[PDB]
Amino acid sequence: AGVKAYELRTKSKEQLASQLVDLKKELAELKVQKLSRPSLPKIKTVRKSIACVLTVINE
Amino acid sequence: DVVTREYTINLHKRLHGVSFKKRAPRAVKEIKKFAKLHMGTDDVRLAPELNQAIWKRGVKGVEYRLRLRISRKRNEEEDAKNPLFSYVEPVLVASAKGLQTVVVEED
Amino acid sequence: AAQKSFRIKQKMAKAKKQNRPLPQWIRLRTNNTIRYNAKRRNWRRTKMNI
Amino acid sequence: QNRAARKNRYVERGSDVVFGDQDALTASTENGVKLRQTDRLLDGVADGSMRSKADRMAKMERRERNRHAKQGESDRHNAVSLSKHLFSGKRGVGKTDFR
Amino acid sequence: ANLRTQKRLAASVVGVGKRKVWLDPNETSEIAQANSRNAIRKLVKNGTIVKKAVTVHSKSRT
Amino acid sequence: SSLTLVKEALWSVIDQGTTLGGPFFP
Amino acid sequence: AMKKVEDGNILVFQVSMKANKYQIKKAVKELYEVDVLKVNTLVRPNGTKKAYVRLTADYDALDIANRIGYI
Amino acid sequence: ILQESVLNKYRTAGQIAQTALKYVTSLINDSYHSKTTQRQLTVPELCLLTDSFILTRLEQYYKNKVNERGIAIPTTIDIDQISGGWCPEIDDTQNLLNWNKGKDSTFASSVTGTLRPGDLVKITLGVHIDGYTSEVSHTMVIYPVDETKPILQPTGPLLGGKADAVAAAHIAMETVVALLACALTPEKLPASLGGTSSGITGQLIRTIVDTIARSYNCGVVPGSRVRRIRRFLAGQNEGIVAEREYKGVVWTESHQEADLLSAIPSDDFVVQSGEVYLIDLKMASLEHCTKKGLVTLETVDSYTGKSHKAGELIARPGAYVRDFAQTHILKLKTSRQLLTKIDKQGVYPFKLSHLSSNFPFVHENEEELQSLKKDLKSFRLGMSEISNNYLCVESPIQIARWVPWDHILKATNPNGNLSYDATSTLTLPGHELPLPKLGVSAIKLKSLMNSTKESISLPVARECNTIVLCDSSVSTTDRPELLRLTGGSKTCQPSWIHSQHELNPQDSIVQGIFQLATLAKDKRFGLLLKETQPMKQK
RNA sequence: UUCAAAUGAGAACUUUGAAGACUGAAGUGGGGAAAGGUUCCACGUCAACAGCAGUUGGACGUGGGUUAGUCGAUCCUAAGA
Ligand SMILES: [Mg+2]
Ligand SMILES: [Mg+2]
Ligand SMILES: [Mg+2]
Ligand SMILES: [Mg+2]
Ligand SMILES: [Mg+2]
Ligand SMILES: [Mg+2]
Ligand SMILES: [Mg+2]
């Protein structure tokens with residue numbers, strides 16, 4: 001899965017910031033789960049979503 | 001066959017001329033050979049109290065004569081390479097002098 | 001030395017994290033020619049030279 | 001002594017009934033690890049058949065270094081072809097390089 | 001079994017050297033189970049592990 | 001091949017009313 | 001690390017190498033809504049920073065561990 | 001060996017189980033059907049209340065006369081696709097909500113704890129006294145209440161595959177109970193069913209259950225069994241702890257494969273007098289399956305980060321099993337104290353809340369609940385280190401799943417029999433062959449289930465009873481008779497369902513089933529069944 | 001150096017006990033500086049290495065471990081740069 005930049009570009013600054021905070025919380029929980037399960041595919045898509053949101057905000 | 005006897009071993013003539021660092025180990029080996037000769041068993045086990053009696057006066061202070069009790073018994077384990085073995089115990093006596101070989105009734 | 005600098009400790013940390021044999025799933029990859037870690041370091045064989 | 005022996009009683013419990021003659025109940029790990037301990041060597045190979053395959057591949061690859069008697073992957077000592085201090089000896093009447 | 005760790009832990013717990021620590025040779029499995037100083041203390045309490053007395057250096061002749 | 005024969009046989013083999021209770025909560 | 005939860009009301013975290021004790025205390029209070037008594041830090045031999053964070057007596061590290069998920 | 005005292009202990013365990021089942025049925029009806037209760041109760045609350053009720057009732061029986069007594073099976077409430085292992089603690093409710101936010105609503109009832117109309121709710125609970133175990137499990141249906149009728153009743157009967165599964169489970173349960181009762185008087189066995197001068201066999205049991213399931217278009221979930229029970233050996237953890245001796249009939253994916261192609265358990269035994277039998281039958285509906293497929297199980301984990309499947313359930317199992325053959329001295333004092341509490345429970349699966357000193361409740365108080373939660377936090381702290389050293393293991397949560405045969409056949413397994421799950425924590429499921437003839441291992445089958453886009457989760461109905469084959473001296477009525485310790489017409493009364501499918505009377509097996517029903521109704525010259533009655537509280 | 005038991009397929013060399021000795025406080029004890037860099041400790045474990053052996057290891061595999069207002073650096077200046 002993951003976020004889509006063309007969907008992100010239609011949002012405001014507050015929505016993008018809230019989505020970034022939610023993504024960071026999700027990444028923290030996934031890092032907690034990784035301590036018990038070393039193969040966790042969702043971390044990659046959460047990281048890429050964080051990068052995409054930051055890119056759109058900077059744009 | 002199961003049997004128990006008391007013997008006297010003359011360690012003096014068996015350790016005559018042995019290097020001082022080797023006297024007590026050679027006494028251990030002489031007792032093992034003595035038991036093998038008298039009981040026909042290649043498996044000979046010495047009691048730790050007998051080891052203490054051998055080593056009591058250091059590495060070069062072995063007694064001239066030792067009173068041993070030797071019991072030929074049965075090797076109860078099913079992986080035994082021989083059916084019988086000898087067990088050698090010390091007999092702490094007033095003196096090891098003037099003692100003949102005797103048979104102990106196993107009761 | 002027990003009282004070491006941070007730079008030395010950082011290089012030591014990198015060496016410790018590098019010190020490992022190959023992961024076994026590397027051997028199962030298609031056209032894999034990496035068969036052992038040719039740059040393995042041990043503390044008593046090749047020194048790091050600071 | 002008889003009173004003490006008759007007081008020291010053993011009664012079979014449910015653990016004796018169920019687990020008395022059994023063991024294990026859990027697969028033993030290859031590296032002796034705990035439940036939540038990472039296994040750097042094997043965590044990428046989920047199934048034990050491919051684990052044994054990779055183990056055999058590693059054991060086969062070890063053979064040349066083991067014949068050369070290396071301490072491991074880390075033993076990479078290189079001997080020179082010729083030592084000059086061993087092959088530059090011309091000792092006149094005077095000082096020498098060794099005793 | 002390998003009781004080297006238990007011997008070291010018993011010496012440290014009792015406060016003497018390893019030369020003054022006695023591990024019961026019959027309770028080998030019980031000693032082998034003890035991975036911690038708390039279990040070592042329990043073994044010392046129940047008598048599986050015993051502290052030996054010092055070797056005498058008498059001063060009578062002096 | 002016995003496995004192939006098993007797979008072929010598997011492919012061959014795969015290729016009013018009743019009323020309980022009533023208008024009440026037990 | 002889990003022993004310190006019951007022994008001294010202490011949580012153990014892996015924190016950034018750039019973070020100091022002020023930042024660690026502020027971040028812990030912000031993320032978990034607890035009062036921190038004090039923070040001790042070390043740099044582990046693998047190059048990452050480990051923080052021992054002790055909470056005040058009015059907060060329980062056991063609850064925070066249960067909320068995080070490791071317990 | 002049956003005796004007066006042993007039979008009395010079994011009878012008391014069965015009585016307590018029947019009373020507990022009536023208690024949970026009344027609680028669910030008050031929360032969702034009677035609607036006299038202002039706030040509806042949730043699944044963890046129901047499980048906790050059931051456990052406390054069982055402990056309070058069991059406190060008064062065989063006190064200071066029996067070493068070990070307690071709960072054998074913790075109260076399990078399974079909804080629809082969940083086929084077993086669902087007993088969440090009260091402290092995991094917000095955990096479930098947070099783990100399943102952003103998922104589908106297929107498991108919404110399990111995630112929120114609140115039952116919904118159309119739900120098949122399977123309640124399982126067991127009680128042991130001196131190791132003599134009696135277990136009950138009943139499927140019930142949740143209905144919308146008609147606002148127009150003067151009396152409370154469902155608006156309409158349950159229809160569809162869930163109704164088919166309930167009917168198949170109920171009819172199979174009754175037929176198997178009658179068939180096992182027929183072992184005491186073998187001449188009353190119908191001729192069309194089997195040999196008149198011969199007894200009851202596992203082959204006969206299996207063919208009857210398979211015939212009923214096929215008639216109602218349902219599959220037998222691979223956890224079902226009709227097995228013999230002894231002291232401390234009741235299959236309370238069957239897929240976890242290996243057993244020295246097994247006398248019973250089991251259903252597996254291997255058995256499904258063999259039927260399609262037509263201490264290891266075998267159906268080559270004869271039912272004997274003087275024995276206690278557990279009958280646990282799970283029927284999964286095959287209504288939505290347009291092709292021939294295989295019914296298997298899926299284990300639920302607590303890691304949301306393993307996939308992107310919005311139709312997945314993430315949960316933590318609440319029941320643990322102590323492995324008494326494993327020993328390891330722990331480092332935490334909390335963990336050591338928890339292990340000391342755990343070893344007192346015995347050889348049955350346990351919940352963390354069962355170890356609390358606050359539990360069971362003397363008076364139901366909010367402060368009692370809060371002290372229970374305060375205990376439960378440190379209990380989880382200790383349980384983390386206990387599970388890390390393999391001293392205790394989880395009892396899995398399992399969802400029934402359907403995998404079509406064509407995808408299995410088209411799939412390739414390069415390892416064949418050699419593959420197995422090396423990361424699996426338990427030995428028994430880790431090294432297993434669900435399809436021995438096709439050479440497909442459990443890891444391969446799980447991979448196929450995940451790879452298929454047409455693998456669905458089938459609703460499950462469950463019926464499980466415990467019976468005793470009482471001999472003439474053992475029985476009161478001077479004739480051999482079957483004592484049903486759990487289940488019957490008073491506790492496990494079937495809900496209002498209507499299934500289009502039916503047994504086809506023009507088959508010999510179905511004729512034998514009809515004759516078994518007739519001879520069970522015949523109370524003069526037929527068979528004698530003594531049901532165990534739930535007891536009054538006030 | 002010796003005896004018995006345990007472990008193991010296999011024990012002169014591993015572990016525990018039983019003995020005999022030795023370092024003899026300018027130690028074969030207990031800590032540090034330079035240097036090394038995880039060798040520390042646990043679990044697993046023997047192909048190679050430990051010039052015999054090996055079930056043992058500073059070896060191989062997987063992990064755990066170093067917490068400071070008060071101890072140091074940090075501040076001062078020396079020869080000097
Ligand atoms: Mg001479
Ligand atoms: Mg510091
Ligand atoms: Mg001296
Ligand atoms: Mg030191
Ligand atoms: Mg070491
Ligand atoms: Mg050698
Ligand atoms: Mg190492």
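We use all heavy atoms of the structure for the numbers below, so side chains are in, but hydrogens, waters and symmetry mates are not. In the text below, chain A, chain B and the rest are named by the order of the sequence lines, each starting its count at 1.
Of the nucleotides present, none pairs with I:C46 by Watson-Crick or G-U wobble criteria with both distances under 3.5 Å. Nucleotide I:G69 forms a pair with no other nucleotide shown, judged by Watson-Crick or G-U wobble geometry with both contacts under 3.5 Å. When Watson-Crick and G-U wobble pairs are counted only if both distances are under 3.5 Å, I:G27 pairs with no nucleotide at all.
Nucleic acid contact for B:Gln52: sugar-phosphate only, since backbone atoms but no base atoms lie under 4.0 Å from a heavy atom of the residue. When heavy atoms are screened at a 4.0 angstrom cut-off, E:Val21 is found touching the sugar-phosphate backbone but no base atom. Within the nucleic acid shown, C:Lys16 comes within 4.0 Å of at least one base atom, counting heavy atoms only. Across all strands, G:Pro45 comes closer than 4.0 Å to base atoms (heavy-atom distances).
Remark: the separation of the P atoms in I:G8 and I:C3 is 23 Å, to the nearest Å. Comparing the same atom, P, in I:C76 and in I:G61 gives a spacing of 49 Å after rounding to whole Å. With P as the reference atom, I:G37 and I:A78 are 36 Å apart, rounded to whole Å. Separation of the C1' atoms belonging to I:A4 and I:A12 is 15 Å when rounded to the nearest angstrom. If you take atom P in I:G65 and the same atom in I:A18, they sit 38 Å apart, rounded to whole Å. Taking atom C1' on both nucleotides, I:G64 is separated from I:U70 by 31 Å, rounded to a whole Å. Here the separation of I:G51 from I:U14, taken at their P atoms, is 14 Å to the nearest Å. Taking atom P on both I:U15 and I:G58, the two are 12 Å apart, rounded to the nearest angstrom.
Stacking holds between I:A5 and I:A6 under the rule that six-membered ring centres lie under 5.5 Å apart and planes differ by under 30°. Stacking status of I:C46 with I:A47: not stacked, per the base-ring test of centres under 5.5 Å and planes under 30°. Judged by ring centres closer than 5.5 Å and planes tilted by less than 30°, the bases of I:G32 and I:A33 are stacked on each other. Annotated as stacked: the bases of I:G20 and I:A21, by the 5.5 Å centre and 30° plane rule. Neighbours I:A68 and I:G69 do not stack on each other, since their six-membered rings do not meet both centres under 5.5 Å apart and planes tilted under 30°.
Between C:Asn49 and the phosphate of I:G36, there is no side-chain N or O to OP1/OP2 separation shorter than 4.0 Å. The shortest distance between the side-chain N/O atoms of E:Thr5 and the OP1/OP2 oxygens of I:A42 is below 4.0 Å. Applying the 4.0 Å criterion to OP1 and OP2 of I:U67, one finds that G:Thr41 has every side-chain N and O outside that range. A sub-4.0 Å separation between OP1 or OP2 of I:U15 and a side-chain N or O of E:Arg4 is present. An OP1 or OP2 oxygen of I:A48 is reached within less than 4.0 angstrom by no side-chain nitrogen or oxygen of D:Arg62. Residue G:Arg54 places none of its side-chain N or O atoms closer than 4.0 Å to OP1 or OP2 of I:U67. Distances shorter than 4.0 Å separate some side-chain N or O of G:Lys50 from OP1 or OP2 on I:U66. For C:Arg40 and I:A59, the shortest distance from a side-chain N or O to OP1 or OP2 is not below 4.0 Å.
Inspection of the H:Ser384 and H:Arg380 side chains reveals no N or O donor paired with an N or O acceptor under 3.5 Å. Counting only N and O atoms by type, the side chains of D:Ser74 and C:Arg44 include no donor and acceptor under 3.5 Å apart. Residues G:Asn46 and G:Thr48 bring a donor and an acceptor atom of their side chains to less than 3.5 Å of each other.
Distance from the side chain of B:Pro48 is smallest for I:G17 among the nucleotides I:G37, I:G17, I:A5. Here the side chain of E:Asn2 is nearest to one of I:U16, I:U14, I:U62, namely I:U14. Listed candidates were I:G36, I:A19, I:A47. Nearest to the side chain of C:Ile50 is I:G36. With distances taken from any side-chain atom of B:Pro25 to the nucleotides I:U2, I:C3, I:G63, the minimum falls on I:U2. Minimum atom distance to the side chain of C:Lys4 is reached by I:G37, of the listed I:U67, I:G37, I:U2. Listed nucleotides: I:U67, I:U38, I:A19. Nearest to the side chain of C:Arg41: I:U38. Closest to the side chain of G:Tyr52, from the set I:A48, I:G72, I:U66, is I:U66. Minimum atom distance to the side chain of B:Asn51 is reached by I:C3, of the listed I:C3, I:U62, I:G57.
The torsion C1'-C2'-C3'-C4' is the criterion here, and for I:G27 it is negative, giving a south pucker. At I:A11 the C1'-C2'-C3'-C4' dihedral is negative, so the sugar adopts a south, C2'-endo-type conformation. Judged by the sign of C1'-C2'-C3'-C4', I:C13 carries a south-puckered sugar. For I:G64, the sugar pucker falls north, since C1'-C2'-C3'-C4' comes out positive. The pentose of I:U38 belongs to the south class of puckers. Its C1'-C2'-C3'-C4' angle has a negative sign.
If you measure from atom NZ of D:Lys34 to atom P of I:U62, you get 16 Å, rounded to the nearest angstrom. Per the geometry, CE belonging to C:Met12 stands 12 Å off P belonging to I:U39, to the nearest Å. Taking atom NZ on H:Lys331 and atom P on I:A42, their separation rounds to 10 Å, with Å as the unit. Rounded to whole Å, atom P of I:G64 lies 12 Å from atom CE of G:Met2. Remark: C1' of I:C46 and NZ of D:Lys70 are 20 Å apart, rounded to the nearest angstrom. Atom CZ of B:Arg45 and atom P of I:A5 are 6 Å apart (whole Å). Rounded to a whole Å, the CG atom of G:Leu42 is 17 Å from the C1' atom of I:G72.
A distance below 6.0 Å separates the ring centres of B:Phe34 and B:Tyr7.
Remark: side-chain polar atoms of B:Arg23 are paired, donor with acceptor, to backbone N or O of B:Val18 under 3.5 angstrom. At distances below 3.5 Å, not a single donor-acceptor pair connects side-chain atoms of C:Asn37 with backbone N or O atoms of C:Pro21. Judged purely by atom type and a 3.5 angstrom limit, A:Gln33 uses its side chain to pair as donor or acceptor with the backbone of H:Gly305.
Note on D:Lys59 versus D:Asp55: salt bridge recorded, some NZ/NE/NH1/NH2 to OD/OE distance being below 4.0 Å.
Residues C:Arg45 and D:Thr29 both approach RNA chain I. Their nearest nucleotides, taken by heavy-atom distance, put D:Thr29 toward the 5′ side.
Under the stacking criterion of a centre-to-centre distance below 5.5 angstrom and an interplanar angle below 30°, C:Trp43 is not stacked against the six-membered ring of I:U39.
Pairing check for I:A50 against I:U56: the two satisfy the Watson-Crick or G-U wobble geometry, each of the two atom distances being under 3.5 Å. Pairing check for I:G57 against I:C49: the Watson-Crick or wobble criterion is satisfied, both distances under 3.5 Å.
Under the 90° criterion around 0 for the glycosidic angle, I:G72 counts as anti.
Classification of the D:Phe19-H:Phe324 ring pair by plane angle, with boundaries at 30° and 60°, yields tilted.
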*Take B:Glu63 and B:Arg57 through the salt bridge (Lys or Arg N to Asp or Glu O under 4.0 Å) test and state the conclusion after the steps.*
CA-CA 8 Å; B:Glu63 306 288 338; B:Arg57 292 186 307 195; 3.4 Å; yes
